[PDB]
Amino acid sequence: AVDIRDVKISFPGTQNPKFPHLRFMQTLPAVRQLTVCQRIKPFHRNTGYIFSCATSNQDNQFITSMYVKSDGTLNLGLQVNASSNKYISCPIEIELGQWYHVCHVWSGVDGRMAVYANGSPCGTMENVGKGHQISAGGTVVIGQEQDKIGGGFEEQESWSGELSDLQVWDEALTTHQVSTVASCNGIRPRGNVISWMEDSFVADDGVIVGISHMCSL
Amino acid sequence: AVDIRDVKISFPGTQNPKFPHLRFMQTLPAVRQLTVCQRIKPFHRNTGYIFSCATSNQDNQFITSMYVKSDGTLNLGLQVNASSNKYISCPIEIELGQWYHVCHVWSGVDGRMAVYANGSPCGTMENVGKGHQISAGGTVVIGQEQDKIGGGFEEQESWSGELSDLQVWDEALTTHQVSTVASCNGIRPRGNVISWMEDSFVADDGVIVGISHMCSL
Amino acid sequence: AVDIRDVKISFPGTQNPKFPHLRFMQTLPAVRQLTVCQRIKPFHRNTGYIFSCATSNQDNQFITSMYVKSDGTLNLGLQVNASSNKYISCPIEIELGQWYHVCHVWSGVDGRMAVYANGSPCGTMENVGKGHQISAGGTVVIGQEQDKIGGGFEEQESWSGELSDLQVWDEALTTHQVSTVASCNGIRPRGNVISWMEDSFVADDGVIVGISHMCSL
Amino acid sequence: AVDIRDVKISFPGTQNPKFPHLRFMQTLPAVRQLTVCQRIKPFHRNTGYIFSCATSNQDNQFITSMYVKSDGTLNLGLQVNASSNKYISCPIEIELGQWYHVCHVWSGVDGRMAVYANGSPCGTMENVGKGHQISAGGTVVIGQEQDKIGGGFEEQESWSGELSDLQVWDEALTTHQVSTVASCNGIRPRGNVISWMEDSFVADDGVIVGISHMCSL
Amino acid sequence: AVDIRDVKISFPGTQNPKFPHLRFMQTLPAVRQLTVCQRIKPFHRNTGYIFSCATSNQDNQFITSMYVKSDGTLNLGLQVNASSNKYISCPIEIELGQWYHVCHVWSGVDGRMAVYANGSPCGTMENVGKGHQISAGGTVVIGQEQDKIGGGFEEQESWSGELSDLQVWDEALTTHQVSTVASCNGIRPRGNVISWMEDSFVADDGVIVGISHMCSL
Amino acid sequence: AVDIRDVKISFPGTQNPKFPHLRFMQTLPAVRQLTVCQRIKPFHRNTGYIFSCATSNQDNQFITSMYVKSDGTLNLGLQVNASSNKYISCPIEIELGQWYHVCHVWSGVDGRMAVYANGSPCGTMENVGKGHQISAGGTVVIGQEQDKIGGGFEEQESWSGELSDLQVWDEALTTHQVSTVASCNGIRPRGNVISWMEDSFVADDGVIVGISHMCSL
Amino acid sequence: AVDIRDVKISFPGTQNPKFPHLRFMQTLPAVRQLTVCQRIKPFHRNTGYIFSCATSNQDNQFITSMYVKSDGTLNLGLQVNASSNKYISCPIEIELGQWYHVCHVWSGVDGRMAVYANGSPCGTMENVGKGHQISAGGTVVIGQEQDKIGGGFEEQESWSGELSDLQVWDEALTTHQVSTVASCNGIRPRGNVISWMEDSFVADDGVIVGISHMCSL
Amino acid sequence: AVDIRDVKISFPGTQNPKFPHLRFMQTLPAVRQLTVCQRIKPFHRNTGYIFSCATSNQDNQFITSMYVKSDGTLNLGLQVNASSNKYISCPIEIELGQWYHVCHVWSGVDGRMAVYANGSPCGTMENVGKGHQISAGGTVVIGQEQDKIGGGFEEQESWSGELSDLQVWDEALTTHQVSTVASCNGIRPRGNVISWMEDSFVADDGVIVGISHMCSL
Amino acid sequence: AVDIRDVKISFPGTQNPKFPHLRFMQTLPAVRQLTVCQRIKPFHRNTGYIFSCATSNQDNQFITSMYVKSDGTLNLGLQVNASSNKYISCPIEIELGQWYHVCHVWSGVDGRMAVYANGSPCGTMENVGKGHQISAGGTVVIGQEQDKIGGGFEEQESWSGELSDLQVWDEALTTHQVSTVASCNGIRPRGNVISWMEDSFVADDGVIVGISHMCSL
Ligand SMILES: [Ca+2]
Ligand SMILES: [Ca+2]
Ligand SMILES: [Ca+2]
Ligand SMILES: [Ca+2]
Ligand SMILES: [Ca+2]
Ligand SMILES: [Ca+2]
Ligand SMILES: [Ca+2]
Ligand SMILES: [Ca+2]
Ligand SMILES: [Ca+2]
Ligand SMILES: [Ca+2]
Ligand SMILES: [Ca+2]
Ligand SMILES: [Ca+2]
Ligand SMILES: [Ca+2]
Ligand SMILES: [Ca+2]
Ligand SMILES: [Ca+2]
Ligand SMILES: [Ca+2]
Ligand SMILES: [Ca+2]
Ligand SMILES: [Ca+2]
Ligand SMILES: [Ca+2]
Ligand SMILES: [Ca+2]
Ligand SMILES: [Ca+2]
Ligand SMILES: [Ca+2]
Ligand SMILES: [Ca+2]
Ligand SMILES: [Ca+2]
Ligand SMILES: [Ca+2]
Ligand SMILES: [Ca+2]
Ligand SMILES: [Ca+2]
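Below is the structure:
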């Protein structure tokens with residue numbers, strides 16, 4: 001039938017005190033590199049945090065985000081160890097309500113940041129979490145930005161849209177590897193740290209469970 | 001990989017004001033018969049409502065429930081058009097925390113009620129919604145008993161446990177058909193009104209999305 | 001996918017001036033024998049006319065009907081050239097809201113009538129339209145009894161329930177042939193005069209187009 | 001045999017008080033995007049509404065329509081949240097009585113409207129239901145324009161012709177996806193919200209059930 | 001599709017001056033033996049001539065006929081060189097309007113007559129055309145008894161019913177051979193003198209061309 | 001063996017009171033479009049009516065005809081609702097006694113007429129039965145022109161020759177579809193309203209039943 | 001083994017009162033067209049009649065013949081309804097004692113005559129039996145010219161040589177069809193009126209039965 | 001080659017300050033049930049803790065252990081929420097230095113404990129962690145008993161021997177499931193919480209990485 | 001599943017008294033040539049010793065190392081019989097945290113040293129251990145540089161990063177052989193002296209056992 005990876009979650013919209021989000025049951029192990037990929041259907045052009053990882057000592061261990069410029073250009077952001085959000089624009093025009101595959105590749109070892117839109121590299125950036133190692137026990141939240149383990153959400157920092165096929169590796173994937181990940185008919189690799197629908201997560205505040213039609217109709 | 005039908009939802013436990021539940025996005029069409037089957041892992045012996053269907057004029061259109069006696073005997077209940085809960089005991093000893101397949105078959109045409117535990121018939125009952133037709137637009141909630149469309153939940157009426165493979169037909173399946181439905185390796189039929197993971201639903205109050213290991217390890 | 005023969009029509013219920021029914025676009029050719037088979041899910045125990053054939057000179061050319069006794073016994077009736085309804089009971093207990101296959105075999109040549117329930121013979125009767133030939137141009141209506149071409153319906157003569165797989169031959173099928181017709185996984189023969197979903201018909205007064213789950217779930 | 005998707009409905013013609021139409025049994029879930037495709041054989045050049053969706057608070061939630069210019073040019077229209085009918089002409093000459101595949105793609109997220117004729121894009125339009133979300137519970141009627149849930153039809157707004165293969169998604173399909181939908185021998189995708197012959201509907205006022213010969217003879 | 005051998009002809013009924021019949025275009029060669037087999041659906045119990053062969057010098061060269069007794073017993077008759085009709089009864093009860101396979105085997109060499117009903121021998125008779133040889137040029141008529149080449153029909157001698165699979169050999173087939181001929185799924189042998197639908201014939205006076213459902217539904 | 005579609009009928013010649021023809025047992029349903037195709041072997045150059053459809057109110061509902069000019073050019077004619085015979089010449093030289101495939105495509109919806117000779121389009125014509133709908137119950141006669149249901153034939157309007165593979169659709173086939181119909185080795189499509197040898201017809205006045213050798217020797 | 005179609009007959013030579021010939025047991029049905037093909041090995045250059053057809057009223061219904069010019073050119077002749085022998089020469093040099101395939105195609109409908117040598121057309125001729133129809137009951141003789149049914153032979157009109165594969169159709173085959181007939185390894189079509197070795201014939205006056213080595217050695 | 005599941009770890013022996021052990025990188029999610037299976041080669045008969053799970057608030061969340069009686073009987077122990085070690089003896093004689101498959105199945109829901117030796121059930125016990133839920137974030141250590149997260153080891157509580165194929169589920173496997181797990185050539189199921197060699201772990205104090213020869217030589 | 005060769009070890013980082021390393025259980029046999037290949041993910045640019053071999057009489061029998069220049073150039077070093085570290089730079093830019101395949105080929109017979117990066121030769125060097133033979137009994141340590149059998153580690157000489165697929169031969173592989181070794185999808189050759197995961201080794205001081213994603217995702 002439908003592949004379990006085609007399951008999607010809808011993040012309707014946020015307005016205090018309702019904060020639709022997902023919280024992964026099991027925290028992350030300590031890591032020195034991290035690659036987060038997923039298919040997203042953005043609802044707004046304004047900045048929103050998609051993947052948020054926090055520990056008791058640091059609520060901003062690792063946070064991915066995006067926003068669309070006026071011309072429609074996609075902009076992927078990343079923040080490590082509470083640094084400022086680093087952005088890299090992608091040569092692709094975003095149409096709210098449409099599907100796109102996005103990856104954020106980070107390496108604390110050399111401090112390099114690289115983002116991808118639909119399997120292609122948009123560019124890279126230096127000095128992003130250089131020498132930093134995310135402490136063991138990070139809690140992951142999707143759709144909201146944590147200011148506290150599993151909470152302290154701000155509505156202007158939430159992300160609304162549809163999401164599916166979230167795959168996370170504790171390695172910094174290569175340009176060729178990422179392309180095989182974004183591919184709809186490839187082998188469809190699975191993250192070793194988090195594999196969509198293979199790692200239980202908590203659903204709260206009205207997120208909608210449905211089916212993504214990006215890859216298959 | 002894993003079949004999308006093996007996805008399960010955990011209903012942690014209920015305590016005002018937190019009521020873990022699922023609400024199906026699309027309401028049901030009018031029906032004269034209804035068959036609801038699913039795999040459940042009960043957490044408590046006390047009565048709990050699993051499948052709740054309500055319309056503006058009647059919050060108790062159709063409600064399934066269960067409870068376990070002291071000797072461990074399973075008891076499946078059904079309520080139609082706000083009748084009293086009708087119960088039929090099953091010749092099977094329930095162990096909280098273990099998986100079981102259960103079906104509730106109702107026919108407003110002749111007013112017959114029949115329940116099944118693991119593909120086998122437990123017994124039938126007469127005069128249950130005889131002549132009744134559920135009005136179009138019923139809202140379905142899983143894990144809580146509605147006293148209002150999508151709400152008005154009571155904690156002593158909630159149902160805690162794990163659930164998966166929810167299949168619903170607007171027909172009254174036969175004894176042979178039900179057996180093919182409960183089978184783990186059969187053809188695994190899909191409900192025509194609601195097919196698990198094929199009909200979007202809203203998740204709220206901390207339900208946990210995971211994977212059922214009843215059929216496959 | 002689903003076989004087009006599994007399409008079903010629901011006849012909700014009749015109450016002046018609403019008469020749910022089907023009227024076949026093309027009239028029947030003259031015949032001397034006729035076999036009408038179909039799958040039915042009866043809603044009431046009282047007499048109802050299923051297949052009605054009328055010509056300008058005779059509104060009661062050929063009419064099939066059924067009713068269920070108090071003990072649940074099925075009774076199939078037939079009327080030819082405005083004779084009285086001839087009935088033959090079947091050794092099967094009917095449960096309103098459940099599916100059954102039924103055939104009416106008539107031969108004006110020898111005047112014999114034979115009915116079948118689920119591919120098996122219930123019995124036969126003599127002197128039913130003996131020597132009669134249905135005149136060319138008969139109009140066929142399903143669910144209502146014509147007192148006029150395509151009309152003049154009476155509520156107490158209507159038939160409510162679900163129907164599918166209507167097959168009609170201008171020959172008097174044999175006992176062995178009938179059994180192959182009723183079979184769900186056989187060759188599934190098609191009528192040469194009327195073949196379900198292959199001969200267009202008019203739908204009126206709220207009949208519901210759906211899918212029969214008798215043969216396949 | 002014939003694929004169940006080749007079943008067609010004929011909308012004979014409308015004249016008070018007879019309004020041939022179809023009403024889907026189950027209402028639609030709330031949506032933010034919607035794609036409606038189907039094969040049509042138009043009988044008149046004048047404007048007619050094909051797909052009509054209404055809720056208690058808004059009878060004009062979503063309505064598709066078409067008309068043919070004097071030179072024969074096809075014009076597909078769309079109306080969202082009671083806006084004015086937006087039209088986009090297609091570079092194709094229509095011959096009444098012939099088959100054509102048509103899709104209407106709408107996205108309330110960015111407010112974009114796009115129409116397709118025979119799998120090809122005719123053009124797009126902005127500001128059509130921008131920011132609008134169709135409320136849960138929409139009733140769908142085919143062939144007539146609702147001014148009230150399931151009724152309030154106007155003859156000059158009806159649509160006569162033959163229709164089949166109605167597929168509806170709660171997503172805004174892409175240009176490439178649409179082409180795979182229109183194709184007669186492709187995979188023939190099925191809508192996730194409404195799939196022709198898989199979602200029961202009520203037939204009234206003389207619609208004719210037949211077989212479409214567009215794809216296969 | 002349907003095998004051309006399943007084509008059937010209906011002989012409605014005879015009443016001066018209308019005599020439904022078939023006349024084979026090509027006359028028969030001289031013969032000393034002849035076997036005529038066919039599937040028939042008799043309409044009346046009274047005597048009727050099925051196969052009639054006549055030459056200018058003898059209108060009664062070879063004529064087959066049948067009639068049913070009161071008890072329903074079949075009786076096959078044969079007449080050679082204007083002898084009296086010889087009859088042989090068959091241990092089978094005939095039901096007018098039903099199909100049966102019948103063969104008439106004649107040998108002028110030894111003067112033996114043998115008839116078969118459904119591939120089985122009913123009995124034989126001596127001194128029937130012993131030493132007789134049908135002269136070349138016999139005209140064959142089906143359904144009527146010739147008193148003149150291709151004419152001079154008498155209504156009380158006509159045969160009404162349905163007929164198909166007419167096979168004629170200029171040899172006297174064996175008991176085993178006949179059984180293979182009557183078989184519906186055997187090899188279905190074809191006559192060497194006349195092969196149904198392979199030897200053109202003239203149709204007159206309202207015979208009806210249709211399809212036999214004896215062998216296949 | 002030989003395909004049942006290769007059966008042919010010979011229309012010897014007409015001379016009062018003998019009018020060789022065929023009359024289809026079952027009348028046609030009401031239609032708004034009609035396509036009639038068949039293989040013909042014309043015997044004369046003068047006008048002859050091939051397909052004649054009549055109702056009690058109109059004996060000239062639909063009539064096809066042909067004639068050959070002096071230069072041998074084929075001319076196909078059509079008449080709807082007693083209009084004048086519309087003719088379209090075909091760029092092909094006819095040799096009496098030879099086989100040709102011919103189709104007449106009519107659409108009352110737009111009033112267009114199109115004819116084909118051997119799968120190719122000869123041309124089209126406007127305003128032919130524009131807005132007309134053939135009333136239900138049309139009687140079809142082949143070889144003669146009805147001035148009364150099933151009768152009132154005129155010899156100078158009869159058509160002599162050989163005919164086979166008569167296929168009739170209640171739709172107006174496309175140019176590509178027609179080509180697949182005329183093809184001898186294609187899929188050989190079958191008409192949905194009338195399928196040669198699949199819809200019984202009455203044979204009268206000496207028509208000859210034989211086998212067409214157009215497609216196969 | 002050897003195909004029965006390779007059987008050949010030798011016509012030694014004629015001299016009163018010995019006339020080697022073949023007479024077909026069964027006479028021909030009435031025809032309006034006729035195609036006669038066969039493989040011949042001519043022994044003399046002088047005119048000889050190969051295929052002779054006669055009825056009581058006309059001994060020269062249809063007669064084929066040939067002769068070879070001094071330069072060796074083949075000349076095929078035909079005579080219908082006692083017309084004069086029409087000849088068409090073939091661009092091929094004949095060597096007495098060698099094999100050749102020959103066809104005579106005649107159409108009384110348009111009066112056209114066409115001959116073929118080795119599957120290729122030699123030419124055609126008009127006004128040959130135009131409007132003529134061979135009466136039913138023609139007797140066929142091979143090797144001699146009848147002046148009376150089955151007799152009245154003249155030596156100077158006989159034809160000596162070897163012959164095989166005689167195929168006769170009551171249709172006027174096309175140029176392409178003829179070529180498939182002459183081919184030794186094609187499908188080897190069989191005549192529908194007379195098929196070599198499938199239609200019994202009388203052998204008299206010393207004809208020799210052997211095997212043709214034209215097609216296979 | 002060798003299956004990655006056949007990798008084994010040797011726990012040499014413990015003596016302050018050297019404590020050979022394994023610490024899983026990623027902590028466990030909250031659980032209500034837990035099944036831990038693995039292949040072990042015990043070195044001593046005295047009590048040793050194999051699987052130790054601790055959280056900041058409770059160092060004895062879940063601990064498995066074993067010891068061998070003097071007669072050689074195996075004894076499997078379990079401790080939940082700092083209860084006393086519960087033991088169940090197995091009807092199998094242990095030989096130090098040999099391989100055995102062992103599973104510990106615990107369910108906090110009903111408080112039942114069950115142990116298995118080589119895929120077979122040894123017995124069960126009640127009231128073991130009844131109503132207890134292990135808090136999220138448990139740290140897992142193999143070979144040593146934690147008195148503090150990842151430390152506070154005691155020599156007399158260590159476990160020496162060889163271990164491999166550690167599989168852990170957050171469900172309470174059934175008797176039949178367990179047997180499929182212990183099987184060497186079965187499907188070899190993998191734990192969903194911890195899968196040997198698929199979930200990184202820290203190795204310290206001289207553990208030896210080698211290859212298990214229990215299943216394959 | 002995953003190939004056992006994809007197992008990797010992480011060397012976290014070194015700081016007295018913690019020295020993460022691996023010590024192979026079985027010492028090496030005497031050798032005159034040695035080839036050491038493995039996949040490495042370096043964490044620092046500064047010099048680190050990867051493979052260290054020592055005997056009681058010589059702690060620096062054979063030691064491999066690497067460092068990265070400021071421009072990112074890779075530099076592979078080798079030391080034999082306590083010579084000075086010989087370095088050869090590779091035309092490849094190293095990115096800390098990324099995977100690379102590296103081989104060190106040494107031959108005491110001719111004293112030649114050759115290094116490879118990703119299966120390609122970087123260059124060679126002479127006079128490196130020329131005439132030297134490593135004495136039997138060498139102890140191998142990975143990640144630390146021995147100054148004593150299995151110990152005497154210095155932090156500034158340690159190597160941090162991830163490593164897998166360690167293969168060692170007592171022969172000096174050729175350029176072509178090396179390339180087949182580095183290949184991810186080749187035959188993946190195994191060392192004859194040490195084969196990753198096939199020769200047991202001791203793990204100490206927090207090395208992490210995980211899975212390499214260089215070759216497969
Ligand atoms: Ca924060
Ligand atoms: Ca924040
Ligand atoms: Ca903030
Ligand atoms: Ca309630
Ligand atoms: Ca309540
Ligand atoms: Ca209550
Ligand atoms: Ca009536
Ligand atoms: Ca009535
Ligand atoms: Ca009445
Ligand atoms: Ca409206
Ligand atoms: Ca309106
Ligand atoms: Ca209006
Ligand atoms: Ca007679
Ligand atoms: Ca007579
Ligand atoms: Ca008589
Ligand atoms: Ca007329
Ligand atoms: Ca006329
Ligand atoms: Ca006239
Ligand atoms: Ca003559
Ligand atoms: Ca002569
Ligand atoms: Ca002469
Ligand atoms: Ca402890
Ligand atoms: Ca302790
Ligand atoms: Ca202790
Ligand atoms: Ca050293
Ligand atoms: Ca050192
Ligand atoms: Ca040093």
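Chains as they are written, first to last, in the authors' numbering: chain A, 1 to 217; chain B, 1 to 217; chain C, 1 to 217; chain D, 1 to 217; chain E, 1 to 217; chain F, 1 to 217; chain G, 1 to 217; chain H, 1 to 217; chain I, 1 to 217.
Quick reminder that beta carbons are idealized off the backbone N, C-alpha and C, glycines included.
Does the count of Cβ pairs from the segment 185 to 195 of chain H and the segment 93 to 112 of chain H closer than 8 Å reach three?
-> Flag = no, the segment 185 to 195 of chain H and the segment 93 to 112 of chain H do not touch.
Where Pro189 (chain G) meets chain F, residues with beta-carbon distance less than 8 Å = Taking the seventh sequence and counting its residues from 1, one reaches residue 189 (chain G) at position 189. The contacting residues are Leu217.
For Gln98 (chain B), which residues in chain H fall below 9 Å Cβ to Cβ?
-> Locating residue 98 (chain B) in the second sequence gives position 98, where the first residue counts as 1. What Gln98 (chain B) touches in chain H: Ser107, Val109, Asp110, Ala172 and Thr174.
Closest by C-alpha distance to residue 218 (chain I), when choosing among I:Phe24, I:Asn46, I:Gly77 and I:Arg32 | Shown here, chain I extends from 1 to 217; a query on residue 218 (chain I) therefore has no answer.
Closer than 7 Å by C-beta to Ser195 (chain A): which residues in its own chain qualify, once you throw out the five before and the five after it? Chain order, please.
-> Position 195 of the first sequence holds residue 195 (chain A). Once the five neighbours on either side are set aside, the close Cβ partners of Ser195 (chain A) are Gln167.
What is the rounded straight-line gap between the Cα of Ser83 (chain A) and the Cα of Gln38 (chain A)?
-> By 1-based counting over the first sequence, the position of residue 83 (chain A) is 83. By 1-based counting over the first sequence, the position of residue 38 (chain A) is 38. Approximately 23 Å, taken between the alpha carbons.
Closer than 8 Å: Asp59 (chain I) CB and nearest ligand 27 heavy atom | The sequence position of residue 59 (chain I) within the ninth sequence is 59, counting from 1. No, ligand 27 has no heavy atom inside 8 Å of this Cβ.
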